[PDB]
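K.L.:
Dumping the structure here so I can ask a few things about it.
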Amino acid sequence: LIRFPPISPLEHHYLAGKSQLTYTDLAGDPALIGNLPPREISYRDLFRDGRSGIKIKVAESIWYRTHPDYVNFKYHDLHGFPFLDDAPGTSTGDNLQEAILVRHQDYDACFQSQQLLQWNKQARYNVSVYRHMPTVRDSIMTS
Amino acid sequence: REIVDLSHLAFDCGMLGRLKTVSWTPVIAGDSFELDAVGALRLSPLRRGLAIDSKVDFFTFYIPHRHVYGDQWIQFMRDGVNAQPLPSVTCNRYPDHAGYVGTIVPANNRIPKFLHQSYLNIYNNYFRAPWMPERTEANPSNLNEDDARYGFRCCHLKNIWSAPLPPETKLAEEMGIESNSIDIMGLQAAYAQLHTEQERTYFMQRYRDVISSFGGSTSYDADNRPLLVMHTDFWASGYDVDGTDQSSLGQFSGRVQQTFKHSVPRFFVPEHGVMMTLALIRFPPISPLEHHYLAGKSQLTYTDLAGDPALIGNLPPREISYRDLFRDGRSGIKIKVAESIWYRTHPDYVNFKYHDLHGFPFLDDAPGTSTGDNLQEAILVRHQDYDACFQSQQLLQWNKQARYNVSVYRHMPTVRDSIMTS
Amino acid sequence: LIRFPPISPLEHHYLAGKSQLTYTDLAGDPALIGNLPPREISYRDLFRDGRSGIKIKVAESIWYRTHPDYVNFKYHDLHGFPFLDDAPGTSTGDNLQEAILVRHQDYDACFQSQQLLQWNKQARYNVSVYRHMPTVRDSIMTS
Amino acid sequence: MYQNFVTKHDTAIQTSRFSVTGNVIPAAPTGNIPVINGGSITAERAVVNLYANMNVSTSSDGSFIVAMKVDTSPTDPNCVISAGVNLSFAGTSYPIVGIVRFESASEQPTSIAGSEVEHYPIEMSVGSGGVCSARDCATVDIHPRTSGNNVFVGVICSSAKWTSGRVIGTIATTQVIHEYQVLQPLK
Amino acid sequence: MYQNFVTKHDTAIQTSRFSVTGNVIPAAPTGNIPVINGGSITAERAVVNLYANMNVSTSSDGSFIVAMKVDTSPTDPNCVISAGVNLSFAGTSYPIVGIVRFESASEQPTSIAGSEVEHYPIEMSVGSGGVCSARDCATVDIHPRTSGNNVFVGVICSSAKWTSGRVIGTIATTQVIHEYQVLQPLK
Amino acid sequence: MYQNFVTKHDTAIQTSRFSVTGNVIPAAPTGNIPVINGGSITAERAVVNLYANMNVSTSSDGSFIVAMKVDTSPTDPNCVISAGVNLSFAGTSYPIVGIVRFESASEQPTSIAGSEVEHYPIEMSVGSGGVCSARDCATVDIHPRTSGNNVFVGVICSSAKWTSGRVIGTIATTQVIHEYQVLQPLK
Amino acid sequence: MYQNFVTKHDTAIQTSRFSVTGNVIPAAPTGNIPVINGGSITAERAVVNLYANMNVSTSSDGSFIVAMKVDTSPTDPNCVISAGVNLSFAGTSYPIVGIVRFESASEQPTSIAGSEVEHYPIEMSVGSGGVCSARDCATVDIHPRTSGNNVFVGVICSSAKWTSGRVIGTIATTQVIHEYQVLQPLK
Amino acid sequence: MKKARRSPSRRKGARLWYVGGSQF
Amino acid sequence: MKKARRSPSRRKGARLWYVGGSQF
Amino acid sequence: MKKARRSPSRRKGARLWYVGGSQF
Amino acid sequence: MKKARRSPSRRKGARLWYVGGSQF
């Protein structure tokens, strides 16, 4: 299974996207972070061209537990970079599962030519197996 | 007081003279923030082979949200869960127009004030000439195309023509005198007073520096200056690629590719805020048009040549113009330099021949040649001055990619604790 | 000052050019070599297309004190070699000084293109000079 | 043999198309050249299909233009602009083509004064009395020279002596800021 | 001298051939263009031989098409499509050619509405009144745009004013998904 | 400037020449095309000089062939075959050319049934009413498809409507299995 | 496909333009060829626009020149000079073009004796009776051969038999001492 | 420029992703 | 040819540039 | 990537191919 | 092939060139 970390010139920090920054968002007050319910937000809240129909339930102040990769919007349209140049799920409709599952076409853009699909490999598989197996001589010989 | 892993990658790019944010991280009061960044920096393809290396600077500042939101922040934190939400600032309706603060313009076309204001504060407190107008745009949307996308412009590396004494430097101090006599005691005071004025103009224009003058000190909260946590600098070198076909045989293309580390030692975050890290790529201003000051003087005088100490220490500054330094120098740009300074430093030299060969990052036109008789505009790096030497800015003039390993100790209930009710 | 040793497919050993080889030329008899006067000869006596109008006064049996470089006449017209493909002074007239002084055009032939003239260089000049020089602070400060 | 994957002009794919019909009144450079477009495409990817009638109401000699708007996003000073034309004229007039550049504050210029048009000559494949064909490109500065205008580029078709009649063909043109990826069997 | 092994179009070898005879009734784009094929080859290797009579029963101006079906196996978005034509017409009509793309649920389209045809202009070698020649290619997306159709590609031949008469030549065309190996004396 | 040492066709040197005179009776593909050679050279190096009279006794439209035998020694499946033609016709007929392949158990074929000829279109430099010129090549399988035949290749010249008259020029053609060494001043 | 970024001639950008109108009296080489320029540009970047009347007052056969002054700064012995022309003539005269070099102590030569003109033939794209097109270049020594003169270069247009009438097109020409930088999407 | 090509692991710290069970 | 690409630092000696304060 | 180019030997184990005698 | 590119020095032996004085 070959995959590319989903970097995207369209994703931004959750907090950069919030319109009304509240104490609960910024403060990072523990008392709150441990007793609030999950938060429903949409891809629109994470990518500029994010689909608002894709809703996700994240854990409070999770944006304070991890930072996202960054790609200057300039690479956004240069063919040849394996970045997601379009918010995930942009062409699958308001459907979460379809956004989460990797859409291989999302990468067609950056390859000179898939004469051998997108990836390919060759290897030697050395397998040794002990087992009860009469010799070929025994099989072909009757008596 | 457990670990939060904020490591991450960053692919970026920008224009030469402009200061761009490459990664920012929001922090909380009580946090212990450590950052070790490592990556490589490159420049778009050069027309010819390598000539000179660019100098790269990386900075990392810490800015208390209080510095941005003011009293409004204090209330916020005070009122706690009852606080009126902090306001957002506006950007122009374009994806890239938030680039200076290292982020794509979000769906709603507005970004948190702390990003914008910090960038400003950083610029105004360390990057612009102290005498230049304080940068005061209110919203990212008040910024112009270039600025908003690539960052503000900074000063060229310091040299005789880009580090003149502040334009308003006194060239003479008058002292009134009764019709027939002069108060020698007053004259004495007059000088003293002048001295305070000069010291100020020359190097104490910022409050903090005046207080340092007295042998005192000031917290960074005193004048609301962003705190510089780490400053790195390095040269960007690379290699040449040899042309090998019938016509390209014997040709070369410079590919600059430099690896670099930028590491911030464990830092204690006293209050909520942002840790911004920015970069700045510049080329020393070499020019086939600049000549030694003395080569340009028409009437060489004892005061110019002799280098007589007695004179050099007691004369007033000298007003000269770019015309006196570059052949096509603009005579309308006046600068005030220190006497016999041309005897304290030598300038780089480029045979006039390179003057029109595309592919060299030299200033093939006297600085300020296309900005008019305006000093500030000449001092600030004009990135277009370099468009000439790049095969194609598909990724602007420079660009880089690096891994930012960030580890932050902080009070943070586990995700399990957040999602679990009981 | 950059120069190329004056190699030429047209120059030949002095003795190869003499028509009437005399004892004084060949023998290398010391008694003679130390008491004869200088010898006047012309470029014609050294290069096939040598200019006969350029006369030079050399020291007797000097050709026996040094050997000249050799280039097969074939390179004579291949562009790209910094050899003097024409006897020195061939295009300056019967004038010695003009032949002796290096004529840079003689090399134009072997360069793909003088976008940066014929040679070029770049270097760092580290100069340190001790001297009586009031600090800039002292200059700009009045009192 | 080996397939040649490089070309002087790459016609847009599935997009930026428009069909022009009716009359086309060529004009002299002293006047206002006809920009036979109101539905002027602009990914500077344009394919205009011609099936009109070349009509000589105004001048007997002159020219008309097929234009497309330039994308001014690129920080690069100037980029290449290719065009590919194939026109068969019913009436012998010996067409002639070339790339042009002109600015206008308007989004959909219906015509442009000849004095405001800049020319860029191109390798013209054929120039018989009845058909002109060409597939070439030229270098053009892409940024608006006069603050506030839009930059247009396109091919112009002229004649020393036109002849009323039907004209049919395709005028394709594109500003290169993308090279269409293509299957190369050996990679 | 050194032999040039790269070409813009490589004609199929020993396969995909068909001869077209009889009449050929060109049509205007407003109608349905004639696809003079029922035995439409498709390794997108096609060589059609012409020895027919250009007949102007319908319109006096118009065009006809020689098509071949595209192999849609490749995962590559789009590949190159080259054509090589040589046509001599008895009656001066100033032919004109180009590559085209059109879809159809049918396996052997006998004609295609002009509105459903997409154009791709090409370097036309010659365009005299009586003969048109060209050997070039263009980039074309090869996957069916409308789920369930077959993708066809081919060259179209048009004219501003046709002239009843005999026509003779060869219309070869191929989608590059293989470069024919060839003896290169120095390897 | 730098000299271009690569070419699409290299004419044989000092060998394989023959002059064709007299009449040349072109024929339709439905019949037997004239192979105006009995002294058919074959290092697949051939230079045929024309100074004959194009005579329309049989059909008014048709074609004739200039052929040369292929060397089948090479183990390579197929190699390149280039041709270079220059023909001026007295009577406007709009010639047209191309490479062809056909087999025959005979060593010196005087004619070949049109149905037995395989076509390979080529970039035709010029195709005026009176002169056709071309210098190009094509890929062709060189081994005999039917055990026991000889493989011939050559250029064919056709016309939609010939015109009795004199014809003059040169039909050169070669199978590349050797690239003529040449003086390159910089090596 | 991949975009072809190399060209035989690159037309100047936004500069060195001039429009020529009125009459143009071609002349025989035995006399003084007309240099239809007084506003002779010279970054050896020149774009001359033609919209004049070809008038046969003097000779019925002859030629005229469009010139531009050469920059003699370069220490290089000689550099390349490219031209790009597109001319449609109302009266069939079969134009013909080429690059020329001539010196003159004058800054703005109005004419030049034919005996003082040096010729450099170029690949002529088209040469129909009514239109000549070409885009090519040639190598020319750029330094003044006679101490004290200015060196001019340009394209000359000749004809075996001119025909009074309107002429329209563009005569672009440049001395290569700079290659215009261009956006290449993959760098 | 080894790490710079590969997006970090975020292996330090506690568990962040609860998605119902094991997901590769 | 390492130093030759980078313009010297002029770090030796005293201070030359007074411009009002700190300027990067 | 040394072994990966060459198909294994299957030398381990007993004899598999009886073909009448020795065959190279 | 180091020396082969540079014409020898002829430094061995006595003085050969008298030209009136020092000439570089």
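For the structure tokens, the naming scheme is as follows: chains receive sequential letters (A, B, ...) according to their order of presentation, residues are indexed from 1 within each chain, and ligands are indexed from 1 in presentation order.
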What's the 8 Å shell around residue F:166, counting only C-alpha atoms, without same-chain residues fewer than 4 positions away, as a ChimeraX atom specification?
P.N.:
/F:51-54,89-91
K.L.:
With N, CA, C and O atoms retained, write the just-selected residues as a PDB file, in the first residue's frame.
P.N.:
ATOM      1  N   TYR F  51      12.919  12.179 -67.170  1.00  0.00           N
ATOM      2  CA  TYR F  51      12.899  13.068 -68.316  1.00  0.00           C
ATOM      3  C   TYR F  51      12.057  12.316 -69.319  1.00  0.00           C
ATOM      4  O   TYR F  51      12.540  11.828 -70.342  1.00  0.00           O
ATOM      5  N   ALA F  52      10.779  12.206 -68.987  1.00  0.00           N
ATOM      6  CA  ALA F  52       9.839  11.496 -69.819  1.00  0.00           C
ATOM      7  C   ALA F  52       8.617  12.332 -70.142  1.00  0.00           C
ATOM      8  O   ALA F  52       8.534  13.521 -69.805  1.00  0.00           O
ATOM      9  N   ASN F  53       7.667  11.682 -70.807  1.00  0.00           N
ATOM     10  CA  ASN F  53       6.426  12.310 -71.201  1.00  0.00           C
ATOM     11  C   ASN F  53       5.277  11.592 -70.506  1.00  0.00           C
ATOM     12  O   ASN F  53       5.063  10.389 -70.693  1.00  0.00           O
ATOM     13  N   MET F  54       4.568  12.345 -69.677  1.00  0.00           N
ATOM     14  CA  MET F  54       3.418  11.852 -68.934  1.00  0.00           C
ATOM     15  C   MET F  54       2.301  11.681 -69.967  1.00  0.00           C
ATOM     16  O   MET F  54       1.760  12.679 -70.456  1.00  0.00           O
ATOM     17  N   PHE F  89       6.016  19.194 -63.629  1.00  0.00           N
ATOM     18  CA  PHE F  89       5.186  18.694 -64.709  1.00  0.00           C
ATOM     19  C   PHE F  89       4.798  19.845 -65.615  1.00  0.00           C
ATOM     20  O   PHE F  89       4.486  20.941 -65.146  1.00  0.00           O
ATOM     21  N   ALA F  90       4.821  19.598 -66.920  1.00  0.00           N
ATOM     22  CA  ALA F  90       4.472  20.633 -67.879  1.00  0.00           C
ATOM     23  C   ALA F  90       2.981  20.933 -67.791  1.00  0.00           C
ATOM     24  O   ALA F  90       2.569  22.098 -67.824  1.00  0.00           O
ATOM     25  N   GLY F  91       2.179  19.880 -67.655  1.00  0.00           N
ATOM     26  CA  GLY F  91       0.736  20.056 -67.577  1.00  0.00           C
ATOM     27  C   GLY F  91       0.168  19.981 -66.177  1.00  0.00           C
ATOM     28  O   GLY F  91       0.280  18.949 -65.511  1.00  0.00           O
TER      29      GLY F  91
END
K.L.:
If DSSP is run on the backbone, what residues of stretch 22-54 of chain B are strand (DSSP E or B)? A reply as a PyMOL selection string would be ideal.
P.N.:
chain B and resi 22-27+32-43+46+54
K.L.:
List the spatial neighbours of residue H:18 as JSON, numbers by chain - criterion: any atom at most 12 Å away, only C-alpha atoms, same-chain residues fewer than 2 positions off excluded.
P.N.:
{"A": [57, 58, 59], "B": [414, 415, 416, 417, 418, 419, 420], "H": [14, 15, 16, 20, 21, 22, 23]}
K.L.:
Once you have the residues from the selection above, write them out as a PDB file, in the first residue's frame, restricted to N, CA and C atoms.
P.N.:
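Ended up saving to selection-v9.pdb:
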ATOM      1  N   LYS A  57     -16.921  15.176  13.283  1.00  0.00           N
ATOM      2  CA  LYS A  57     -16.978  15.437  14.714  1.00  0.00           C
ATOM      3  C   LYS A  57     -15.594  15.248  15.333  1.00  0.00           C
ATOM      4  N   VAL A  58     -14.969  16.357  15.693  1.00  0.00           N
ATOM      5  CA  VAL A  58     -13.643  16.321  16.269  1.00  0.00           C
ATOM      6  C   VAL A  58     -13.679  16.557  17.753  1.00  0.00           C
ATOM      7  N   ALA A  59     -12.548  16.320  18.402  1.00  0.00           N
ATOM      8  CA  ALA A  59     -12.453  16.506  19.840  1.00  0.00           C
ATOM      9  C   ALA A  59     -12.062  17.929  20.174  1.00  0.00           C
TER      10      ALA A  59
ATOM     11  N   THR B 414      -5.911  14.452  27.769  1.00  0.00           N
ATOM     12  CA  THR B 414      -5.813  13.564  26.627  1.00  0.00           C
ATOM     13  C   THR B 414      -7.091  13.603  25.788  1.00  0.00           C
ATOM     14  N   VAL B 415      -6.962  13.332  24.495  1.00  0.00           N
ATOM     15  CA  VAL B 415      -8.121  13.320  23.618  1.00  0.00           C
ATOM     16  C   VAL B 415      -9.181  12.384  24.181  1.00  0.00           C
ATOM     17  N   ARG B 416      -8.726  11.304  24.807  1.00  0.00           N
ATOM     18  CA  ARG B 416      -9.632  10.333  25.403  1.00  0.00           C
ATOM     19  C   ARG B 416     -10.473  11.066  26.435  1.00  0.00           C
ATOM     20  N   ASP B 417      -9.825  11.888  27.253  1.00  0.00           N
ATOM     21  CA  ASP B 417     -10.525  12.643  28.291  1.00  0.00           C
ATOM     22  C   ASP B 417     -11.533  13.637  27.719  1.00  0.00           C
ATOM     23  N   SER B 418     -11.201  14.211  26.574  1.00  0.00           N
ATOM     24  CA  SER B 418     -12.100  15.170  25.986  1.00  0.00           C
ATOM     25  C   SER B 418     -13.336  14.485  25.461  1.00  0.00           C
ATOM     26  N   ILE B 419     -13.150  13.427  24.675  1.00  0.00           N
ATOM     27  CA  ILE B 419     -14.294  12.751  24.090  1.00  0.00           C
ATOM     28  C   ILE B 419     -15.126  11.907  25.044  1.00  0.00           C
ATOM     29  N   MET B 420     -14.563  11.537  26.185  1.00  0.00           N
ATOM     30  CA  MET B 420     -15.314  10.752  27.158  1.00  0.00           C
ATOM     31  C   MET B 420     -16.024  11.663  28.165  1.00  0.00           C
TER      32      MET B 420
ATOM     33  N   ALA H  14       0.533  11.504  23.376  1.00  0.00           N
ATOM     34  CA  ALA H  14      -0.508  10.495  23.534  1.00  0.00           C
ATOM     35  C   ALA H  14      -1.287  10.213  22.264  1.00  0.00           C
ATOM     36  N   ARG H  15      -2.344   9.410  22.396  1.00  0.00           N
ATOM     37  CA  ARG H  15      -3.193   9.028  21.271  1.00  0.00           C
ATOM     38  C   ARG H  15      -4.151  10.149  20.932  1.00  0.00           C
ATOM     39  N   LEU H  16      -4.304  10.411  19.631  1.00  0.00           N
ATOM     40  CA  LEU H  16      -5.182  11.476  19.139  1.00  0.00           C
ATOM     41  C   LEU H  16      -6.389  10.972  18.368  1.00  0.00           C
ATOM     42  N   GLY H  20     -12.984   4.245  16.137  1.00  0.00           N
ATOM     43  CA  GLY H  20     -13.808   3.058  16.279  1.00  0.00           C
ATOM     44  C   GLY H  20     -13.028   1.771  16.467  1.00  0.00           C
ATOM     45  N   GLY H  21     -11.753   1.795  16.084  1.00  0.00           N
ATOM     46  CA  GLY H  21     -10.924   0.609  16.215  1.00  0.00           C
ATOM     47  C   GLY H  21      -9.640   0.782  15.442  1.00  0.00           C
ATOM     48  N   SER H  22      -9.008  -0.326  15.062  1.00  0.00           N
ATOM     49  CA  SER H  22      -7.757  -0.266  14.316  1.00  0.00           C
ATOM     50  C   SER H  22      -7.997   0.014  12.845  1.00  0.00           C
ATOM     51  N   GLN H  23      -7.268   0.991  12.325  1.00  0.00           N
ATOM     52  CA  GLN H  23      -7.379   1.378  10.927  1.00  0.00           C
ATOM     53  C   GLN H  23      -5.968   1.625  10.454  1.00  0.00           C
TER      54      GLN H  23
END
K.L.:
Figure out the distance between atom CA of residue J:12 and atom CA of residue A:133, please, to one decimal in Å.
P.N.:
14.1 Å
K.L.:
Please, what distance in Å, to one decimal, runs between atom CA of residue D:148 and atom CA of residue D:43?
P.N.:
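It comes out at 19.3 Å.
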K.L.:
With a distance threshold of 6 Å and counting only C-alpha atoms, extract the residues of chain B near chain A and express them as a tab-separated table (two decimals) with C-alpha atoms, in the first residue's frame.
P.N.:
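Output contents, as saved in out_25.tsv:
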chain	number	residue	atom	x	y	z
B	4	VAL	CA	2.09	17.79	22.37
B	6	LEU	CA	3.40	19.85	16.60
B	8	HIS	CA	5.18	19.41	10.45
B	9	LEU	CA	6.45	20.07	6.91
B	10	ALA	CA	6.34	23.34	5.03
B	11	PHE	CA	6.78	24.05	1.34
B	12	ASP	CA	7.17	27.74	0.71
B	81	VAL	CA	-16.14	31.74	29.45
B	85	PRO	CA	-15.25	36.83	21.19
B	86	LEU	CA	-12.17	38.46	19.70
B	96	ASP	CA	-2.89	34.04	-1.70
B	106	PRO	CA	-9.65	31.00	4.72
B	107	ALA	CA	-13.14	30.45	3.31
B	111	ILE	CA	-7.76	35.83	9.53
B	112	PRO	CA	-7.08	36.21	13.27
B	413	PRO	CA	-6.13	16.61	28.86
B	417	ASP	CA	-10.52	12.64	28.29
B	418	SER	CA	-12.10	15.17	25.99
B	419	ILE	CA	-14.29	12.75	24.09
K.L.:
Could you write out chain I as a PDB file with C-alpha atoms, in the first residue's frame once it has been least-squares superposed on chain H using every ordered C-alpha pair?
P.N.:
ATOM      1  CA  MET I   1      17.124  17.319   3.455  1.00  0.00           C
ATOM      2  CA  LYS I   2      16.258  13.741   4.400  1.00  0.00           C
ATOM      3  CA  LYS I   3      13.437  14.500   6.835  1.00  0.00           C
ATOM      4  CA  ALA I   4      12.288  17.489   4.776  1.00  0.00           C
ATOM      5  CA  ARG I   5      10.873  15.121   2.141  1.00  0.00           C
ATOM      6  CA  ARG I   6       8.844  13.037   4.602  1.00  0.00           C
ATOM      7  CA  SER I   7       5.959  14.424   6.659  1.00  0.00           C
ATOM      8  CA  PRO I   8       6.688  13.855  10.370  1.00  0.00           C
ATOM      9  CA  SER I   9       5.247  10.963  12.354  1.00  0.00           C
ATOM     10  CA  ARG I  10       3.760  12.788  15.356  1.00  0.00           C
ATOM     11  CA  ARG I  11       4.719   9.668  17.346  1.00  0.00           C
ATOM     12  CA  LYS I  12       5.605  11.680  20.492  1.00  0.00           C
ATOM     13  CA  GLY I  13       2.757  12.316  22.918  1.00  0.00           C
ATOM     14  CA  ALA I  14      -0.508  10.495  23.534  1.00  0.00           C
ATOM     15  CA  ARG I  15      -3.193   9.028  21.271  1.00  0.00           C
ATOM     16  CA  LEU I  16      -5.182  11.476  19.139  1.00  0.00           C
ATOM     17  CA  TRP I  17      -7.253   9.417  16.729  1.00  0.00           C
ATOM     18  CA  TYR I  18     -10.161   7.424  17.928  1.00  0.00           C
ATOM     19  CA  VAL I  19     -12.021   6.114  14.931  1.00  0.00           C
ATOM     20  CA  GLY I  20     -13.808   3.058  16.279  1.00  0.00           C
ATOM     21  CA  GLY I  21     -10.924   0.609  16.216  1.00  0.00           C
ATOM     22  CA  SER I  22      -7.757  -0.266  14.316  1.00  0.00           C
ATOM     23  CA  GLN I  23      -7.379   1.378  10.927  1.00  0.00           C
ATOM     24  CA  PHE I  24      -4.213   1.108   8.883  1.00  0.00           C
TER      25      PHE I  24
END
K.L.:
Taking only residues of chain E that have an atom at most 6 Å from an atom of chain F, what is each one's shortest atom pair and its distance in Å to one decimal, using only C-alpha atoms, in chain and number order, as a tab-separated table?
P.N.:
residue	atom	partner	partner_atom	distance
E:1	CA	F:180	CA	5.3
E:2	CA	F:6	CA	4.5
E:3	CA	F:7	CA	5.4
E:4	CA	F:8	CA	4.9
E:84	CA	F:121	CA	5.8
E:88	CA	F:160	CA	5.4
E:89	CA	F:160	CA	5.3
E:90	CA	F:160	CA	4.7
E:128	CA	F:128	CA	5.8
E:134	CA	F:123	CA	6.0
E:135	CA	F:123	CA	5.4
E:166	CA	F:160	CA	5.8
E:167	CA	F:160	CA	5.6
E:168	CA	F:160	CA	5.7
E:182	CA	F:79	CA	4.8
E:183	CA	F:79	CA	4.8
E:185	CA	F:177	CA	5.4
K.L.:
Go through chain A residue by residue and, counting only C-alpha atoms, keep those with an atom at most 9 Å from chain D; for each kept residue give the shortest atom pair and its distance in Å to one decimal, ordered by chain and increasing number, as a tab-separated table.
P.N.:
residue	atom	partner	partner_atom	distance
A:78	CA	D:178	CA	8.5
A:79	CA	D:178	CA	8.3
A:109	CA	D:181	CA	8.0
A:110	CA	D:181	CA	8.9
A:111	CA	D:181	CA	8.0
A:112	CA	D:181	CA	6.3
A:113	CA	D:183	CA	5.1
A:114	CA	D:183	CA	7.4
A:115	CA	D:185	CA	6.5
A:116	CA	D:187	CA	8.5
K.L.:
Could you turn the residues from that selection into a file that holds C-alpha atoms, as a PDB file, in the first residue's frame?
P.N.:
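And here's selection16.pdb as it stands now:
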ATOM      1  CA  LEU A  78       2.008  23.469 -10.502  1.00  0.00           C
ATOM      2  CA  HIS A  79       1.697  20.031 -12.002  1.00  0.00           C
ATOM      3  CA  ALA A 109      -1.802  15.249 -12.427  1.00  0.00           C
ATOM      4  CA  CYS A 110       1.793  14.849 -11.271  1.00  0.00           C
ATOM      5  CA  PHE A 111       2.985  11.920 -13.394  1.00  0.00           C
ATOM      6  CA  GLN A 112       4.634  12.158 -16.807  1.00  0.00           C
ATOM      7  CA  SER A 113       2.815   8.972 -17.846  1.00  0.00           C
ATOM      8  CA  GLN A 114       1.279   5.963 -16.112  1.00  0.00           C
ATOM      9  CA  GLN A 115       2.573   3.360 -18.534  1.00  0.00           C
ATOM     10  CA  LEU A 116       3.025   1.327 -15.350  1.00  0.00           C
TER      11      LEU A 116
END
K.L.:
What lies within 7 Å of residue A:84 using only C-alpha atoms, ignoring chain neighbours under 5 positions off, as a ChimeraX atom specification?
P.N.:
/A:6-8,106
K.L.:
Please determine, counting only C-alpha atoms, which residue among E:60, E:37, E:86, E:16 has the shortest atom-to-atom distance to residue E:152.
P.N.:
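Among E:60, E:37, E:86, E:16, it is E:37 that comes nearest to residue E:152.
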